[PDB]
Each structure stands twice: as structure tokens, then as C-alpha cells.
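Containing mmCIF, C-alpha atoms: work.cif.
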data_input
loop_
_atom_site.group_PDB
_atom_site.id
_atom_site.type_symbol
_atom_site.label_atom_id
_atom_site.label_comp_id
_atom_site.auth_asym_id
_atom_site.auth_seq_id
_atom_site.Cartn_x
_atom_site.Cartn_y
_atom_site.Cartn_z
ATOM 1 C CA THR A 1 131.045 -26.867 123.181
ATOM 2 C CA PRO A 2 127.695 -28.634 123.666
ATOM 3 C CA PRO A 3 127.668 -32.440 124.127
ATOM 4 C CA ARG A 4 127.947 -34.434 120.855
ATOM 5 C CA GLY A 5 124.536 -35.060 119.202
ATOM 6 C CA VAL A 6 122.286 -32.887 121.446
ATOM 7 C CA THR A 7 119.815 -30.327 120.020
ATOM 8 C CA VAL A 8 120.421 -26.574 120.776
ATOM 9 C CA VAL A 9 117.528 -24.061 120.262
ATOM 10 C CA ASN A 10 118.585 -22.288 117.008
ATOM 11 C CA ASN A 11 115.930 -19.451 116.766
ATOM 12 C CA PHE A 12 116.612 -18.353 120.387
ATOM 13 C CA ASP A 13 114.904 -15.074 121.425
ATOM 14 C CA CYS A 14 117.184 -14.081 124.343
ATOM 15 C CA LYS A 15 114.830 -11.227 125.448
ATOM 16 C CA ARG A 16 111.836 -13.619 125.994
ATOM 17 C CA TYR A 17 114.119 -15.982 128.092
ATOM 18 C CA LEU A 18 115.015 -13.184 130.576
ATOM 19 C CA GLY A 19 113.550 -13.131 134.106
ATOM 20 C CA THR A 20 112.843 -15.866 136.677
ATOM 21 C CA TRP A 21 112.731 -19.675 136.168
ATOM 22 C CA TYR A 22 112.050 -22.387 138.799
ATOM 23 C CA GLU A 23 114.410 -25.381 138.818
ATOM 24 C CA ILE A 24 111.978 -28.377 138.752
ATOM 25 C CA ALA A 25 114.727 -31.038 138.538
ATOM 26 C CA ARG A 26 118.558 -31.405 138.245
ATOM 27 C CA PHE A 27 121.279 -34.059 138.072
ATOM 28 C CA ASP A 28 122.998 -33.635 141.475
ATOM 29 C CA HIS A 29 126.395 -31.920 141.754
ATOM 30 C CA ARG A 30 128.244 -30.561 144.885
ATOM 31 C CA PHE A 31 127.552 -26.927 143.865
ATOM 32 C CA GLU A 32 123.674 -27.323 144.181
ATOM 33 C CA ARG A 33 123.220 -30.486 146.377
ATOM 34 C CA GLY A 34 120.819 -29.858 149.327
ATOM 35 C CA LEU A 35 119.384 -26.579 147.940
ATOM 36 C CA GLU A 36 115.552 -26.302 147.697
ATOM 37 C CA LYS A 37 113.202 -23.713 146.092
ATOM 38 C CA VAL A 38 115.972 -22.975 143.511
ATOM 39 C CA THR A 39 115.403 -20.148 140.990
ATOM 40 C CA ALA A 40 117.539 -18.854 138.130
ATOM 41 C CA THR A 41 117.145 -15.157 137.076
ATOM 42 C CA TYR A 42 118.641 -13.900 133.772
ATOM 43 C CA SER A 43 119.176 -10.211 132.808
ATOM 44 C CA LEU A 44 120.879 -8.693 129.744
ATOM 45 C CA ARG A 45 124.229 -6.897 130.219
ATOM 46 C CA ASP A 46 125.321 -3.860 128.121
ATOM 47 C CA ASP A 47 128.232 -5.995 126.668
ATOM 48 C CA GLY A 48 125.609 -8.456 125.263
ATOM 49 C CA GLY A 49 126.200 -11.284 127.800
ATOM 50 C CA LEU A 50 123.738 -12.344 130.556
ATOM 51 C CA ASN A 51 123.883 -11.843 134.322
ATOM 52 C CA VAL A 52 122.819 -15.067 136.092
ATOM 53 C CA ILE A 53 121.608 -15.204 139.713
ATOM 54 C CA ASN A 54 120.955 -18.719 141.067
ATOM 55 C CA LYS A 55 119.085 -18.559 144.433
ATOM 56 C CA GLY A 56 118.010 -21.429 146.689
ATOM 57 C CA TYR A 57 116.979 -22.251 150.268
ATOM 58 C CA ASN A 58 119.631 -24.208 152.193
ATOM 59 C CA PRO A 59 117.765 -26.001 155.050
ATOM 60 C CA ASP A 60 121.134 -26.890 156.796
ATOM 61 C CA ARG A 61 122.011 -23.142 157.111
ATOM 62 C CA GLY A 62 118.313 -22.076 157.472
ATOM 63 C CA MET A 63 119.280 -19.350 154.941
ATOM 64 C CA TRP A 64 118.548 -18.241 151.388
ATOM 65 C CA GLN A 65 121.840 -18.116 149.407
ATOM 66 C CA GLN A 66 122.704 -17.006 145.863
ATOM 67 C CA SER A 67 125.591 -17.276 143.394
ATOM 68 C CA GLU A 68 126.097 -14.705 140.596
ATOM 69 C CA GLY A 69 127.547 -15.524 137.162
ATOM 70 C CA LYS A 70 128.285 -13.873 133.788
ATOM 71 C CA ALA A 71 127.244 -15.791 130.622
ATOM 72 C CA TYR A 72 128.368 -15.194 126.986
ATOM 73 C CA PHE A 73 127.021 -16.828 123.809
ATOM 74 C CA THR A 74 129.756 -19.015 122.180
ATOM 75 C CA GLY A 75 128.270 -17.966 118.757
ATOM 76 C CA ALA A 76 125.060 -16.448 117.277
ATOM 77 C CA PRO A 77 122.662 -15.235 120.071
ATOM 78 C CA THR A 78 119.890 -17.037 118.133
ATOM 79 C CA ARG A 79 121.814 -20.228 119.118
ATOM 80 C CA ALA A 80 121.142 -21.079 122.828
ATOM 81 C CA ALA A 81 124.745 -22.214 123.634
ATOM 82 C CA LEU A 82 126.596 -20.133 126.239
ATOM 83 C CA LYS A 83 129.351 -20.467 128.808
ATOM 84 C CA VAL A 84 128.894 -19.176 132.400
ATOM 85 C CA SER A 85 131.555 -18.220 134.973
ATOM 86 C CA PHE A 86 130.714 -17.537 138.661
ATOM 87 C CA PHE A 87 132.170 -14.772 140.927
ATOM 88 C CA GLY B 1 130.876 -24.416 132.195
ATOM 89 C CA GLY B 2 128.639 -24.805 129.096
ATOM 90 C CA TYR B 3 124.908 -23.815 129.398
ATOM 91 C CA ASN B 4 122.796 -25.081 126.422
ATOM 92 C CA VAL B 5 118.963 -24.773 125.972
ATOM 93 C CA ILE B 6 118.430 -28.146 124.171
ATOM 94 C CA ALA B 7 114.583 -27.742 124.090
ATOM 95 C CA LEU B 8 112.088 -24.884 124.726
ATOM 96 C CA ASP B 9 108.278 -24.563 124.114
ATOM 97 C CA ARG B 10 107.021 -21.840 121.683
ATOM 98 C CA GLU B 11 105.730 -19.734 124.734
ATOM 99 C CA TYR B 12 109.133 -19.755 126.640
ATOM 100 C CA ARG B 13 107.402 -21.316 129.686
ATOM 101 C CA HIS B 14 109.356 -24.664 129.859
ATOM 102 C CA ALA B 15 113.024 -25.344 129.072
ATOM 103 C CA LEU B 16 115.406 -28.340 129.093
ATOM 104 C CA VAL B 17 118.981 -27.168 129.749
ATOM 105 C CA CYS B 18 122.201 -29.237 129.706
ATOM 106 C CA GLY B 19 125.822 -28.530 130.721
ATOM 107 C CA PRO B 20 129.079 -29.535 128.963
ATOM 108 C CA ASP B 21 128.224 -33.341 128.998
ATOM 109 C CA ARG B 22 125.271 -35.685 129.707
ATOM 110 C CA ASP B 23 126.020 -35.608 133.504
ATOM 111 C CA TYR B 24 124.481 -32.044 133.663
ATOM 112 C CA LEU B 25 120.724 -31.556 132.991
ATOM 113 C CA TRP B 26 117.956 -29.259 134.326
ATOM 114 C CA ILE B 27 114.168 -28.876 133.854
ATOM 115 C CA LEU B 28 113.209 -25.198 134.182
ATOM 116 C CA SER B 29 109.662 -23.754 134.347
ATOM 117 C CA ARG B 30 108.140 -20.232 134.622
ATOM 118 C CA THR B 31 105.918 -21.913 137.324
ATOM 119 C CA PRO B 32 107.073 -23.704 140.557
ATOM 120 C CA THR B 33 105.169 -26.933 139.570
ATOM 121 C CA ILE B 34 104.524 -28.649 136.219
ATOM 122 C CA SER B 35 101.804 -31.163 135.029
ATOM 123 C CA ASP B 36 102.391 -34.928 134.423
ATOM 124 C CA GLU B 37 102.086 -34.210 130.604
ATOM 125 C CA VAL B 38 104.994 -31.649 130.573
ATOM 126 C CA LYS B 39 107.047 -33.984 132.890
ATOM 127 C CA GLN B 40 106.707 -36.972 130.488
ATOM 128 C CA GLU B 41 107.521 -34.826 127.382
ATOM 129 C CA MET B 42 110.723 -33.406 128.989
ATOM 130 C CA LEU B 43 111.777 -36.881 130.190
ATOM 131 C CA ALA B 44 111.063 -38.283 126.631
ATOM 132 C CA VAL B 45 113.269 -35.640 124.971
ATOM 133 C CA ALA B 46 115.987 -36.153 127.626
ATOM 134 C CA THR B 47 115.968 -39.941 126.989
ATOM 135 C CA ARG B 48 115.910 -39.431 123.146
ATOM 136 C CA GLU B 49 119.090 -37.276 123.411
ATOM 137 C CA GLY B 50 120.856 -40.006 125.406
ATOM 138 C CA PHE B 51 120.480 -38.528 128.950
ATOM 139 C CA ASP B 52 119.912 -41.074 131.779
ATOM 140 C CA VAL B 53 116.787 -39.582 133.453
ATOM 141 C CA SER B 54 117.246 -41.912 136.540
ATOM 142 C CA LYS B 55 119.824 -39.210 137.604
ATOM 143 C CA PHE B 56 117.008 -36.534 138.209
ATOM 144 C CA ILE B 57 116.451 -35.040 141.726
ATOM 145 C CA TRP B 58 112.955 -33.420 141.960
ATOM 146 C CA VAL B 59 113.629 -30.062 143.701
ATOM 147 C CA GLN B 60 111.135 -29.083 146.470
ATOM 148 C CA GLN B 61 109.132 -25.934 145.437
ATOM 149 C CA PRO B 62 106.170 -24.104 147.088
ATOM 150 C CA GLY B 63 103.410 -26.347 145.581
#
Show the structure stored in the file as C-alpha cells.
Amino acid sequence: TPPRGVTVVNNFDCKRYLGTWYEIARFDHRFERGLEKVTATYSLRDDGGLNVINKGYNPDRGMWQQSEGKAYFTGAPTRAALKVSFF
Amino acid sequence: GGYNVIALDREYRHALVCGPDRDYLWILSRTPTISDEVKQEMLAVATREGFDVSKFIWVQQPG
């Protein structure tokens, strides 16, 4: 469920959202803290969800790292509300 | 975890994304840097929707 009172894009065109985005800013959580040059890449699955690849540069490791997730719409795919789980 | 596009420009070049509560917020761009105009807009929308923008970390990008 989205937070109470927030807007959610309601004419979402999932196909135009696919591909690579740069993370300009974030609220800091353990999972992303310290990562630089962070990108998010979305692709469409056959089952109608999205594959998510979050990549960033970890200067402590000196390494690029990525985490892969599966996202599903919680309703209409024209409504930009999804839930993501990471493997 | 919830992933919600709360705001998006008509050209799908800039997005404001939030998680399951107001402690989770991201500015995404098709480009590694954005202009002061786009920054202020995103921040304005964030503040209007009750997000505390003092929580933002500006991620280093080539640029």
C-alpha cells in the first residue's frame, strides 16, 4: 500500500519507464548507504512483472555491485504502485 | 517493499519515487545530473506531499 495521501502516477506507461535511471538522491538506509554512481534498470518479464537491477560503486570494496529484484503491480499497470522483492 | 512513482514528467525523463512510508524517497533521472530548476520542482512536490527533504543524500555521479 502506498503511504496515506501521496500521489501515484495513474496513466503509467510501463514500456516508456523501462531502461536505465540514475539515482540523483535518496533517504539513507543500510541497504544503499555508501554506494555511489547508483543506477536502476527495469525490464519487462513475460509474467507481466518487472526485473529490477540496482547497481552502484562501493568505494570501500573498490567494486561495482548489484542487487536483482522482481516487481509486480499491486493493481492496474496504469497505476505506478508496485512491490519489489530481492533475490 | 512498496515502490510508488508519485510524480513523473510527460517525457519520462525525471521521476520521484517513494517506498512504503515517508522515510523512503528517491529522485531518478535519465541523466546523471539535473538542473537547479528540476531540483527545486522535485523538492517542492516532495515537501507538498509531507516528505522531509532534509533527509536527502545527493548521490555522487559522473558529472
Please write out, as lines of an AutoDock Vina configuration file, where the centre of an axis-aligned box around all listed atoms of stretch 56-72 of chain A lies and how long its edges are, in Å to one decimal, after adding 6 Å on each side.
center_x = 122.7
center_y = -20.4
center_z = 142.2
size_x = 23.4
size_y = 25.0
size_z = 42.5
Checklist entry - Quick one: which residues end up in the PyMOL selection byres ((chain A and resi 50-65) around 7) for this structure, as an MDAnalysis selection string? => result chainID A and resid 34:45 48:49 66:72
Checklist entry - Given a cut-off of 9 Å, which residues of chain A touch chain B, counting only C-alpha atoms, written out as an NGL selection string? => result :A and (1-9 or 12 or 16-17 or 19-29 or 35-40 or 71 or 79-85)
Checklist entry - Hey, can you check how far atom CA of residue B:41 sits from atom CA of residue A:14? => result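 Going from atom CA of residue B:41 over to atom CA of residue A:14 covers 23.1 Å.
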